Each structure stands twice: as structure tokens, then as C-alpha cells.
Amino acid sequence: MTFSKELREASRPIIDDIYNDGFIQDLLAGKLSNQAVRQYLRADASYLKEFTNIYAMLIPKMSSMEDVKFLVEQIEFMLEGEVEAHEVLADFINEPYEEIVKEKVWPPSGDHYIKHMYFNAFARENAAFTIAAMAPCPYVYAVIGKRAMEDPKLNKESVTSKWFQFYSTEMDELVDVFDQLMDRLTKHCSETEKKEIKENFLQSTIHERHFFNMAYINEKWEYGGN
């Protein structure tokens, strides 16, 4: 199998754990707490802001013109905002998205994930290292959305069902581009480099698990100790 397929396949057991965790389970059932939704939406916004800086930092690493335009198109898509899935969650908890995201939320797991993406963006000249760190985001969401649409436990009577419907189709184009880039950018990489890039992808899949759960448990930096 190809490099990106190997990464995707290696990540699937972690995605199964995400799907079976409390955040996604409660969201599937249309019973996720207001607090978990709020903390997720607030954090998600902080993470997404950095995912955009990361795209910008990849521009100088690209030699191909098509790859640069892809990155710029992504930044523009991220700057437009108004993602239908966020509106679904905002509606679900009866708070406008504008009012919810006025309170910023890098809890510890977010800080780790974001600093993982930045480490690669600063330290590695080959964009594959950073792409591998960001790619689990759309892949995880796609797998979850598609699975939910065929899960007999999907609560179709809740507006939360539209969150899964959104991710079941809207990530595929981006997943395909990231796979093509990882496959192409790693052709001349050594086995030690490919191992590190693979690890970046698996770690980011774990970071995704921790990101949903961070919202679920209201994870905070506990500076007062015990």
C-alpha cells in the first residue's frame, strides 16, 4: 500500500476509540451537554485559528504553483468562517455562535496539539512533516461522520444529526489532497523520515481524541496545584 493509505489504516483503531468516547457518543444520541458543546466550540475556534497560521507557514515550503494556490484557497475558505456544523451545535444549545465564541478557550490538550503542528512547521523543511500533523483533522471527522450516518444509534430527530451529515461528505476533497501531498512529498524520504512523519499522523489522531475529550471533561490548566 501507499504511504498515505498506511497512515490512514494505522490510525483507524484510534478513531474507533474516538467514536466510542463520551463526546461523540453523546453527540450521536443528541444528548451532549451544553457545557461540552460550548467548550468544544470555543476551543475549536482557537485550534482552527492556528491551523490557518500553519497553512501560511507551509507556503514557503512548496515548490509547485498548484500546491501554493491550494494553501491560499484553504486560508481563504477558513477566513470566510460560518461552517454549517458550528451553526448546528450553536442551534442545539440555544446560544448564537457569535455570543458563544466571545470567550476564548489552549486548554492543555489543545496546547499540546497546536505546539505539535508548530514544531513541525518551524523545524522541518519538507511540508510532509507538518501535513502529517494536520491531516488527521479532516480524516477523523470524515470517518466519524460516515460511520454515524449508518449507525442505528444515530438520533435522527435531533439537529445534531446534521453535524455528522456535514462531516460525512465535506472533508473528502481535503482528505484526498492531503493524501496526494503526503504520497508525493515523501517519495525521496528516508525510512527514518517516513517513520517520523507516520508518528506525526498517529500522534495527531491521538490529539483529536484528546481534543473532543478536553471539551467533554472541561480540561483546564490547574495552576493552583492540589
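All residue numbers are counted from 1 along the displayed sequence.
If you average the C-alpha B-factors over 78 to 86 and over 106 to 114, the higher value belongs to 78 to 86.
The PDB entry records a higher mean C-alpha B factor for 88 to 96 than for its counterpart among 147 to 155 and 88 to 96. In this entry, the residue among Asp26, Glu196, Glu50, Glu173 with the greatest C-alpha B factor is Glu173.
Of the candidates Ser33, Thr186, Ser46, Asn200, it is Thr186 whose Cα B-factor is highest according to the PDB record. In this PDB entry, the Cα temperature factor of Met62 sits in the top third of its chain's modelled residues, the highest group.
Split the chain's modelled residues into thirds by C-alpha temperature factor. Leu71 is in the middle one. Among the modelled residues of its chain, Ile54 has a C-alpha B-factor that falls in the lowest third according to the deposited record.
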